[PDB]
Amino acid sequence: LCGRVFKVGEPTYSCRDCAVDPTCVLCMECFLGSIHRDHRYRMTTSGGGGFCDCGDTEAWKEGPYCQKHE
Ligand SMILES: [Zn+2]
Ligand SMILES: [Zn+2]
Ligand SMILES: [Zn+2]
């Protein structure tokens with residue numbers, strides 16, 4: 001699993017099509033290797049803290065894993 005903890009200023013990505021709720025997010029590496037880069041995504045700059053949800057089926061209605069972690 002990715003598990004990346006976001007640092008100050010780091011971009012986080014959600015998918016408006018696949019996220020189960022708005023707290024479901026991916027780090028940049030997982031987002032760019034995921035199906036969601038072709039979807040309606042939303043980038044929010046992190047203030048630090050929280051973690052990447054790559055791999056969590058309860059976080060994503062489709063495409064829970066990126067190509068690196070699948
Ligand atoms: Zn990640
Ligand atoms: Zn990943
Ligand atoms: Zn998506």
# chains A, B, ... in the order shown; residues from 1 in each chain; ligands from 1
$ residues_near_ligand --ligand "ligand 2" --cutoff "6 Å" --atoms "only C-alpha atoms and all ligand atoms" --output "ChimeraX atom specification"
/A:2,30,54,65-66,68-69
$ write_last_selection --atoms "N, CA and C atoms" --output "tab-separated table (two decimals), in the first residue's frame"
chain	number	residue	atom	x	y	z
A	2	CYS	N	0.35	2.29	-0.67
A	2	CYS	CA	1.01	3.59	-0.70
A	2	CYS	C	1.17	4.18	0.70
A	30	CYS	N	0.10	8.33	-7.16
A	30	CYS	CA	-1.01	7.41	-7.38
A	30	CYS	C	-2.03	8.00	-8.35
A	54	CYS	N	-4.89	5.28	-1.88
A	54	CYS	CA	-4.70	4.28	-2.91
A	54	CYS	C	-4.83	2.88	-2.31
A	65	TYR	N	-6.93	1.14	-6.95
A	65	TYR	CA	-5.47	1.08	-7.00
A	65	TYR	C	-4.96	1.79	-8.24
A	66	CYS	N	-3.76	2.35	-8.13
A	66	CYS	CA	-3.01	2.87	-9.25
A	66	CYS	C	-2.14	1.76	-9.84
A	68	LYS	N	1.00	1.41	-9.92
A	68	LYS	CA	2.16	1.03	-9.11
A	68	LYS	C	1.80	0.08	-7.98
A	69	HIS	N	0.62	0.25	-7.40
A	69	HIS	CA	0.27	-0.50	-6.21
A	69	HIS	C	-0.68	-1.66	-6.46
$ closest_atom_pairs --of "chain A" --to "ligand 1" --cutoff "9 Å" --atoms "only C-alpha atoms and all ligand atoms" --output "Markdown table"
| residue | atom | partner | partner_atom_place_in_ligand_line | distance |
| --- | --- | --- | --- | --- |
| A:1 | CA | ligand 1 | 1 (Zn) | 8.0 |
| A:2 | CA | ligand 1 | 1 (Zn) | 4.6 |
| A:3 | CA | ligand 1 | 1 (Zn) | 6.1 |
| A:4 | CA | ligand 1 | 1 (Zn) | 5.4 |
| A:5 | CA | ligand 1 | 1 (Zn) | 8.5 |
| A:25 | CA | ligand 1 | 1 (Zn) | 8.6 |
| A:26 | CA | ligand 1 | 1 (Zn) | 5.3 |
| A:27 | CA | ligand 1 | 1 (Zn) | 4.3 |
| A:28 | CA | ligand 1 | 1 (Zn) | 6.7 |
| A:29 | CA | ligand 1 | 1 (Zn) | 5.8 |
| A:30 | CA | ligand 1 | 1 (Zn) | 4.4 |
| A:31 | CA | ligand 1 | 1 (Zn) | 7.2 |
| A:51 | CA | ligand 1 | 1 (Zn) | 7.8 |
| A:52 | CA | ligand 1 | 1 (Zn) | 4.6 |
| A:53 | CA | ligand 1 | 1 (Zn) | 6.6 |
| A:54 | CA | ligand 1 | 1 (Zn) | 5.3 |
| A:55 | CA | ligand 1 | 1 (Zn) | 8.7 |
| A:66 | CA | ligand 1 | 1 (Zn) | 8.2 |
| A:69 | CA | ligand 1 | 1 (Zn) | 8.5 |
$ write_last_selection --atoms "N, CA and C atoms" --output "PDB file, in the first residue's frame"
ATOM      1  N   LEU A   1       0.818  -1.207   0.000  1.00  0.00           N
ATOM      2  CA  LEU A   1       0.000   0.000   0.000  1.00  0.00           C
ATOM      3  C   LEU A   1       0.854   1.260   0.000  1.00  0.00           C
ATOM      4  N   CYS A   2       0.348   2.291  -0.673  1.00  0.00           N
ATOM      5  CA  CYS A   2       1.008   3.586  -0.701  1.00  0.00           C
ATOM      6  C   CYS A   2       1.165   4.178   0.696  1.00  0.00           C
ATOM      7  N   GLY A   3       0.055   4.543   1.322  1.00  0.00           N
ATOM      8  CA  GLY A   3       0.081   5.056   2.669  1.00  0.00           C
ATOM      9  C   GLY A   3       0.705   6.423   2.852  1.00  0.00           C
ATOM     10  N   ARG A   4       1.081   7.116   1.771  1.00  0.00           N
ATOM     11  CA  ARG A   4       1.826   8.370   1.886  1.00  0.00           C
ATOM     12  C   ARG A   4       1.098   9.382   2.759  1.00  0.00           C
ATOM     13  N   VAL A   5       1.823   9.962   3.712  1.00  0.00           N
ATOM     14  CA  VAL A   5       1.298  11.050   4.530  1.00  0.00           C
ATOM     15  C   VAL A   5       1.626  12.359   3.832  1.00  0.00           C
ATOM     16  N   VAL A  25      -8.810  10.675  -1.121  1.00  0.00           N
ATOM     17  CA  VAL A  25      -7.794  11.421  -1.847  1.00  0.00           C
ATOM     18  C   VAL A  25      -6.635  10.513  -2.227  1.00  0.00           C
ATOM     19  N   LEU A  26      -5.870  10.971  -3.223  1.00  0.00           N
ATOM     20  CA  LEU A  26      -4.687  10.276  -3.717  1.00  0.00           C
ATOM     21  C   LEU A  26      -3.530  11.256  -3.733  1.00  0.00           C
ATOM     22  N   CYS A  27      -2.332  10.741  -3.459  1.00  0.00           N
ATOM     23  CA  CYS A  27      -1.106  11.496  -3.690  1.00  0.00           C
ATOM     24  C   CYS A  27      -0.856  11.631  -5.194  1.00  0.00           C
ATOM     25  N   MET A  28       0.115  12.467  -5.554  1.00  0.00           N
ATOM     26  CA  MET A  28       0.304  12.755  -6.971  1.00  0.00           C
ATOM     27  C   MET A  28       0.771  11.524  -7.729  1.00  0.00           C
ATOM     28  N   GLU A  29       1.616  10.696  -7.116  1.00  0.00           N
ATOM     29  CA  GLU A  29       2.114   9.524  -7.825  1.00  0.00           C
ATOM     30  C   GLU A  29       0.971   8.564  -8.137  1.00  0.00           C
ATOM     31  N   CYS A  30       0.099   8.332  -7.157  1.00  0.00           N
ATOM     32  CA  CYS A  30      -1.008   7.412  -7.385  1.00  0.00           C
ATOM     33  C   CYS A  30      -2.027   7.997  -8.351  1.00  0.00           C
ATOM     34  N   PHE A  31      -2.354   9.273  -8.190  1.00  0.00           N
ATOM     35  CA  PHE A  31      -3.295   9.908  -9.098  1.00  0.00           C
ATOM     36  C   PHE A  31      -2.826   9.795 -10.547  1.00  0.00           C
ATOM     37  N   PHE A  51      -3.595  11.190   4.523  1.00  0.00           N
ATOM     38  CA  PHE A  51      -2.833  10.158   3.832  1.00  0.00           C
ATOM     39  C   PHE A  51      -3.524   9.749   2.540  1.00  0.00           C
ATOM     40  N   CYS A  52      -2.721   9.171   1.645  1.00  0.00           N
ATOM     41  CA  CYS A  52      -3.217   8.679   0.371  1.00  0.00           C
ATOM     42  C   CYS A  52      -4.075   7.430   0.570  1.00  0.00           C
ATOM     43  N   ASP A  53      -5.210   7.403  -0.122  1.00  0.00           N
ATOM     44  CA  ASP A  53      -6.170   6.310  -0.052  1.00  0.00           C
ATOM     45  C   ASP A  53      -6.032   5.299  -1.184  1.00  0.00           C
ATOM     46  N   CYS A  54      -4.894   5.282  -1.876  1.00  0.00           N
ATOM     47  CA  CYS A  54      -4.705   4.275  -2.908  1.00  0.00           C
ATOM     48  C   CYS A  54      -4.829   2.881  -2.306  1.00  0.00           C
ATOM     49  N   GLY A  55      -5.654   2.051  -2.942  1.00  0.00           N
ATOM     50  CA  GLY A  55      -5.893   0.694  -2.491  1.00  0.00           C
ATOM     51  C   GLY A  55      -7.157   0.474  -1.679  1.00  0.00           C
ATOM     52  N   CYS A  66      -3.755   2.350  -8.128  1.00  0.00           N
ATOM     53  CA  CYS A  66      -3.009   2.870  -9.254  1.00  0.00           C
ATOM     54  C   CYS A  66      -2.137   1.762  -9.840  1.00  0.00           C
ATOM     55  N   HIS A  69       0.618   0.248  -7.401  1.00  0.00           N
ATOM     56  CA  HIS A  69       0.272  -0.496  -6.206  1.00  0.00           C
ATOM     57  C   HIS A  69      -0.682  -1.655  -6.458  1.00  0.00           C
TER      58      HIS A  69
END
$ residues_near_ligand --ligand "ligand 3" --cutoff "8 Å" --atoms "only C-alpha atoms and all ligand atoms" --output "short mmCIF file (atom, residue, chain, number, x, y, z; two decimals) with N, CA and C atoms, in the first residue's frame"
data_model
loop_
_atom_site.label_atom_id
_atom_site.label_comp_id
_atom_site.auth_asym_id
_atom_site.auth_seq_id
_atom_site.Cartn_x
_atom_site.Cartn_y
_atom_site.Cartn_z
N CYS A 15 -11.23 12.28 -6.98
CA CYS A 15 -11.98 12.07 -8.20
C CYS A 15 -13.46 12.32 -7.91
N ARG A 16 -14.03 13.33 -8.56
CA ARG A 16 -15.44 13.64 -8.32
C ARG A 16 -16.35 12.53 -8.83
N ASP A 17 -15.88 11.71 -9.77
CA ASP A 17 -16.68 10.60 -10.27
C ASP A 17 -16.59 9.36 -9.40
N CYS A 18 -15.44 9.08 -8.77
CA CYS A 18 -15.24 7.80 -8.11
C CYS A 18 -15.13 7.86 -6.60
N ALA A 19 -14.83 9.02 -6.03
CA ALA A 19 -14.60 9.10 -4.59
C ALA A 19 -15.88 8.77 -3.85
N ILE A 35 -6.73 5.54 -13.05
CA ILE A 35 -7.75 5.83 -14.04
C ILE A 35 -8.33 7.23 -13.87
N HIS A 36 -8.18 7.83 -12.69
CA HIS A 36 -8.87 9.07 -12.36
C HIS A 36 -8.27 10.29 -13.02
N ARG A 37 -7.06 10.18 -13.57
CA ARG A 37 -6.51 11.29 -14.35
C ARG A 37 -7.31 11.55 -15.61
N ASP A 38 -8.18 10.63 -16.02
CA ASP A 38 -9.06 10.79 -17.16
C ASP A 38 -10.48 11.16 -16.74
N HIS A 39 -10.70 11.40 -15.46
CA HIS A 39 -12.01 11.67 -14.90
C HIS A 39 -12.08 13.12 -14.44
N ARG A 40 -13.20 13.49 -13.83
CA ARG A 40 -13.36 14.83 -13.26
C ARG A 40 -12.65 14.85 -11.91
N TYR A 41 -11.39 15.25 -11.89
CA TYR A 41 -10.63 15.27 -10.65
C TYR A 41 -10.64 16.67 -10.05
N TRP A 60 -13.16 4.24 -3.04
CA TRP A 60 -13.28 4.45 -4.48
C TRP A 60 -14.32 3.50 -5.05
N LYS A 61 -15.27 4.05 -5.81
CA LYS A 61 -16.30 3.22 -6.44
C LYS A 61 -15.77 2.47 -7.64
N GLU A 62 -14.65 2.93 -8.20
CA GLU A 62 -13.94 2.31 -9.31
C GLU A 62 -12.48 2.72 -9.20
N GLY A 63 -11.59 1.88 -9.71
CA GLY A 63 -10.19 2.24 -9.76
C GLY A 63 -9.54 2.50 -8.41
#
$ residues_around --residues "residue A:9" --least-positions-apart "6" --cutoff "6 Å" --atoms "only C-alpha atoms" --output "mmCIF file with N, CA, C and O atoms, in the first residue's frame"
data_model
loop_
_atom_site.group_PDB
_atom_site.id
_atom_site.type_symbol
_atom_site.label_atom_id
_atom_site.label_comp_id
_atom_site.auth_asym_id
_atom_site.auth_seq_id
_atom_site.Cartn_x
_atom_site.Cartn_y
_atom_site.Cartn_z
ATOM 1 N N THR A 45 -4.534 21.641 -2.362
ATOM 2 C CA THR A 45 -3.242 21.699 -1.696
ATOM 3 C C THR A 45 -3.390 21.311 -0.232
ATOM 4 O O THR A 45 -4.258 21.829 0.476
ATOM 5 N N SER A 46 -2.538 20.399 0.222
ATOM 6 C CA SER A 46 -2.591 19.953 1.602
ATOM 7 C C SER A 46 -1.922 20.977 2.502
ATOM 8 O O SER A 46 -0.917 21.586 2.129
ATOM 9 N N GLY A 47 -2.485 21.155 3.690
ATOM 10 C CA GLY A 47 -1.801 21.870 4.742
ATOM 11 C C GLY A 47 -0.893 21.000 5.575
ATOM 12 O O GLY A 47 -0.248 21.491 6.507
#
$ atom_distance --atom1 "atom CA of residue A:7" --atom2 "atom CA of residue A:43"
14.5 Å
$ select_by_dssp --residues "chain A" --states "alpha helix (DSSP H)" --output "PyMOL selection string"
chain A and resi 28-32
$ atom_distance --atom1 "atom CA of residue A:8" --atom2 "atom CA of residue A:70"
27.0 Å
$ atom_distance --atom1 "atom CA of residue A:49" --atom2 "atom CA of residue A:33"
21.8 Å
$ select_by_dssp --residues "chain A" --states "strand (DSSP E or B)" --output "PyMOL selection string"
chain A and resi 5+11-15+19+26+41-45+51+60
$ closest_residue --among "A:67, A:34, A:56, A:50" --to "residue A:10" --atoms "only C-alpha atoms"
A:50
